[PDB]
Visitor: 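Okay, here's the structure, questions in a sec.
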There are 2 protein chains.
Amino acid sequence: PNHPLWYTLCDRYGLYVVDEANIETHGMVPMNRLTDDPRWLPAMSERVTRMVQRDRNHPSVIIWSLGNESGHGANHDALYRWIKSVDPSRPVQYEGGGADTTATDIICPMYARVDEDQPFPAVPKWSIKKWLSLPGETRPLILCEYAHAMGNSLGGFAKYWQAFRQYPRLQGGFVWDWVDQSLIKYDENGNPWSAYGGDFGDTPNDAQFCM
Amino acid sequence: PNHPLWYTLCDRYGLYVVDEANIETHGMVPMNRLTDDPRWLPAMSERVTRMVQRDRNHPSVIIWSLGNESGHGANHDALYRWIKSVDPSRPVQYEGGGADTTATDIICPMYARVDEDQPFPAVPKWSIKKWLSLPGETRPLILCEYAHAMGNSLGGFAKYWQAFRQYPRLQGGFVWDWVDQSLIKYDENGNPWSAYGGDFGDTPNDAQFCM
Ligand SMILES: CC(C)S[C@@H]1O[C@H](CO)[C@H](O)[C@H](O)[C@H]1O
Ligand SMILES: CC(C)S[C@@H]1O[C@H](CO)[C@H](O)[C@H](O)[C@H]1O
Ligand code: NA
Ligand code: NA
Ligand code: NA
Ligand code: NA
């Protein structure tokens with residue numbers, strides 16, 4: 001959840017918002033080790049329930065998200081249903097565990113390509129055009145993350161938009177991401193420079209991936 | 001419906017057969033002027049019902065077709081249901097009126113392209129990949145006619161098969177078509193040669209489109 005003023009501005013300037021719970025357990029092995037553990041349901045529930053209690057009156061928020069990269073656990077299904085029950089005015093989405101689980105109203109993959117499939121075991125990233133028509137699938141598809149803008153990037157961006165415009169159910173996505181997470185440091189001449197992972201003695205680190 | 005021996009051979013050699021009623025009113029304006037006319041329901045019913053009564057015991061026949069290029073009329077819906085009722089063991093298909101009407105269990109367009117949409121009024125031919133995922137659509141797609149092999153042709157044939165293999169619901173199609181409808185004529189020297197439309201004084205005619 002963001003600083004409270006953010007929603008006020010989106011309400012007034014006009015931007016659709018996906019409000020997301022502060023829940024990410026990416027480094028766990030497997031990714032859903034905590035989210036499928038009932039012992040952690042309480043902690044997770046508050047991160048979801050208290051967000052809804054705080055932001056449910058903001059018109060800018062149109063979709064609720066159960067968090068990010070935490071695999072797919074039984075706790076997600078429980079909280080998915082809690083939200084659907086308490087606030088039926090907004091769809092609920094969550095990408096963990098394959099982007100099309102029982103815990104999401106929207107197929108919301110991250111970095112699924114336009115025409116090329118990436119058949120990873122258990123959690124494949126199908127071509128988005130293909131994903132829509134898989135047997136029995138009927139939901140809209142909006143990428144929660146796509147077009148990783150790291151450095152000299154965004155090659156192939158037009159291919160996504162051509163598909164978005166051609167396929168009714170391909171309803172867009174959220175580019176990753178808005179601003180480089182570089183930090184200011186100062187050299188001997190007191191000149192400020194942009195720093196990334198590892199520049200503060202932090203280790204281990206993932207260097208420029210924060211930009 | 002074909003010569004009776006054809007079904008015998010298909011049963012024994014092994015070929016899936018689409019048995020089609022002898023009904024085509026392509027030349028009408030609009031194309032469904034007769035098929036939507038109840039006065040013509042009797043004549044049409046016999047062409048469908050008598051076909052089913054004759055070939056319903058052939059295992060090679062796996063799909064029934066209500067005919068060809070006769071637009072979409074109420075008579076089609078009536079006969080679609082008649083077949084569904086008397087023989088639930090075989091899906092019923094029909095391309096007329098848009099290839100995805102209420103008279104077909106299979107999206108069976110003719111010459112719909114792989115990636116390119118052909119937004120014709122009332123009866124558009126959508127890209128086959130796009131067709132499968134249109135809002136609310138769930139049926140399989142098998143082209144009743146594609147890759148018009150007229151003369152030096154079949155360019156782009158590989159594009160269809162790549163799509164067929166990638167998309168579960170794109171289950172193939174029927175190339176148009178098997179053999180040139182050329183007829184033999186003889187010159188002054190008694191030497192035989194292949195003739196087409198117009199070579200018999202027949203006029204008006206459509207020349208080489210029979211091949
Ligand atoms: C396979 C790893 C790179 S995971 C990858 O790292 C990215 C770095 O910007 C983002 O955080 C993505 O959301 C994450 O899935
Ligand atoms: C005249 C075309 C626009 S209609 C086209 O003609 C073809 C000729 O081989 C086939 O008969 C197709 O089935 C028919 O739709
Ligand atoms: Na779209
Ligand atoms: Na990053
Ligand atoms: Na297929
Ligand atoms: Na022809």
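Both ligands and their constituent atoms are indexed starting at 1 by order of listing. Letters A, B, ... are given to chains in the order of the sequence lines, protein chains preceding strands, and every chain is numbered from 1.
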Visitor: Under a 4.0 angstrom heavy-atom cut-off, which atoms of ligand 1 come close to A:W176?
Guide: 9 (O)
Visitor: Just checking, is any N or O donor in the side chain of A:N68 or A:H26 under 3.5 Å from an acceptor N or O on the other one?
Guide: no
Visitor: Testing the 3.5 Å rule here: is there a donor-acceptor pair between the side chains of A:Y7 and A:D19?
Guide: yes
Visitor: With a 4.5 Å limit on heavy-atom distance, are the side chains of A:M51 and A:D55 in contact?
Guide: yes
Visitor: Tell me the protein heavy atom at minimum distance from atom 3 (C) of ligand 1, and give that distance in Å.
Guide: A:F209 CE2, 4.8 Å
Visitor: Report yes if some heavy atom in the side chain of A:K129 is under 4.5 Å from a heavy atom in the side chain of A:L170; otherwise report no.
Guide: yes
Visitor: Please state which protein non-hydrogen atom is closest to atom 4 (S) of ligand 1 and give its distance, to 0.1 Å?
Guide: A:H26 CE1, 4.0 Å
Visitor: To 10°, measure the O(B:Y167)-the Na ion (ligand 5)-O(B:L170) angle for me.
Guide: 90°
Visitor: Atoms of ligand 1 less than 4.0 Å from A:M110 heavy atoms?
Guide: 15 (O)
Visitor: What is the nearest protein non-hydrogen atom to atom 5 (C) of ligand 1, stated with its residue, atom name and distance?
Guide: A:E69 OE2, 4.6 Å
Visitor: Looking at A:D117 and A:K125, does any basic side-chain N land under 4.0 Å from a carboxylate oxygen?
Guide: no
Visitor: Indicate whether the side chain of A:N32 and that of A:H76 have a donor and an acceptor atom separated by less than 3.5 Å.
Guide: no
Visitor: Is the distance between the Na ion (ligand 6) and the nearest N/O/S atom of B:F209 smaller than 3.0 Å?
Guide: yes
Visitor: Please determine whether any non-hydrogen atom of A:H148 lies less than 4.0 Å from an atom of ligand 1.
Guide: yes
Visitor: Look up atom 7 (C) of ligand 1 and tell me if a protein heavy atom lies less than 4.0 Å from it?
Guide: yes
Visitor: Is there a side-chain contact between B:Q166 and A:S127 (heavy atoms, below 4.5 Å)?
Guide: yes
Visitor: Closer than 3.0 Å to the Na ion (ligand 5): does that hold for any N, O or S atom in B:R169?
Guide: no
Visitor: Below 4.0 angstrom, N of the basic side chain to O of the carboxylate: do B:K84 and B:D105 qualify?
Guide: yes
Visitor: Give the atom numbers and elements of ligand 1 that come within less than 4.0 Å of a heavy atom of A:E145.
Guide: 12 (C), 13 (O)
Visitor: Measure from atom 12 (C) of ligand 1 to the protein's non-hydrogen atoms and state whether any distance is below 4.0 Å.
Guide: yes
Visitor: Which atoms from ligand 1 have a heavy atom of A:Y111 less than 4.0 Å away?
Guide: 12 (C), 13 (O)
Visitor: Using 0.5 Å steps for rounding, measure from the CD atom of B:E116 to the CH2 atom of B:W126.
Guide: 12.5 Å
